[PDB]
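Before any questions on how it binds or moves, here is one chain, the form deposited in one PDB entry, in structure tokens.
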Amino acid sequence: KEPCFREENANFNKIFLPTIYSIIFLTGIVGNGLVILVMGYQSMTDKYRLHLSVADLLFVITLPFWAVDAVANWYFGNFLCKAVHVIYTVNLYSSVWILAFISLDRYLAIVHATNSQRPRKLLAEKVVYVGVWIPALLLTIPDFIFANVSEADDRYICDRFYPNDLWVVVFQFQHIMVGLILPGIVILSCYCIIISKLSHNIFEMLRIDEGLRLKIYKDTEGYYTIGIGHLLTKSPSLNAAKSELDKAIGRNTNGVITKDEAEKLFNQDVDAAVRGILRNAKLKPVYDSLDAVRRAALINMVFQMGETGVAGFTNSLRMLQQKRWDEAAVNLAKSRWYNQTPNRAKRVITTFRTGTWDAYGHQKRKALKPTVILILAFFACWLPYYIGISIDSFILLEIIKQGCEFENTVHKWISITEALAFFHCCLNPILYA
């Protein structure tokens, strides 16, 4: 088995790569630079992005070398050859793992909001160095060792040359693992726990406003109801109300239910309510523009007065959508809703104005939307490469044998997709838009 031969491609090396490397460099060198002088001199989530943008900067200033390597030759000696591969290893590890810390930061700010102000500080001021940089720096060791200049085809090249396939497969596996899989699992874990907390927050909100009822209750209109405003039956029968509650919870209650059960039932009613909103020309656009906390505000209103009801606030709705909070609050402040149930209204309105739980600690808003976009964007960038190098390592192991046209096509995908990945530098600056 002689190795598969692939041709070098001129247009790729001579036109395509230098083009991309330049665009990225320009939009990168300025974008991160502005982030560093603005955000650097003159919010925890910004702190991490300061780091991130330093990690990307250090990379972009390496691209001119990458480019002249692509077209011509490696003119720059062996120290700079090592430095180029080193920086790269630091960036791609630090860059993703800083995101994980951002995700942990959110987990702490949201799941443990009551008092996690401390551990969030140490994560940002101290741990970040012990858990991101130093370990990034120690992982460059192999680059110092194996990154060397080689003479090949009347020019110089700057490659990592390891001893053998045994080495290569292991580090290529370490690369996948440390590069996506691990930090991915961290991120996804953080995400999962937050959405669980987000929906429990809603539950506590309607607990105050609509009230938690653990025993079957006859409301002012004679309807039988349990939990958080969940109507069981309109019928006169206590025995009918008793008969529904059992069918709803799935056991033989005697007209009482537990805290866990009230909530499971409440979550179902949130689900249905949210599906209604997504299927409503008026409410969908407004709900989509809003954040986690303000969604909760809208969901409250629906629960009280039904979605048609809420869709009637033409004016206030259009302000909410347009993010003009105070004007939304003053309109709603004078409505039939406000007179009939004024304390609930005022809290729900304060929520719409502030985007915090001050009506339920003061002025403490913590946003997710910008972070979620950063991370997803970041992985969208790298994902194709990593699918690429997976398949490449499946070939190395001989899990998939398919001749040279396949092997060579996979190599080609990796080159394209590696180059396109480098756009992850700019995501950070751009997203400040």
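In case it trips you up, residue 1 is the first one in the sequence shown, and so on. So that the term is clear: the rigid core is the largest set of C-alpha atoms that superpose within 1.5 Å between two forms.
One more form of this protein, deposited in another entry, exists but is not displayed; see below.
*Asks:* Fix the rigid core, compare C-alpha positions between this form and the one not shown, and report which of 117, 267, 196, 148 shifts by 2 Å or more.
*Replies:* Just 117.
*Asks:* Rigid core fitted, is the C-alpha displacement of residue 246 between this form and the one not shown 2 Å or more?
*Replies:* After core superposition, the C-alpha of residue 246 moves 2 Å or more between this form and the one not shown.
*Asks:* Fitting the rigid core first, would the Cα of residue 393 be found 2 Å or more away between this form and the one not shown?
*Replies:* The answer is yes, as the C-alpha of residue 393 shifts between this form and the one not shown by 2 Å or more after core alignment.
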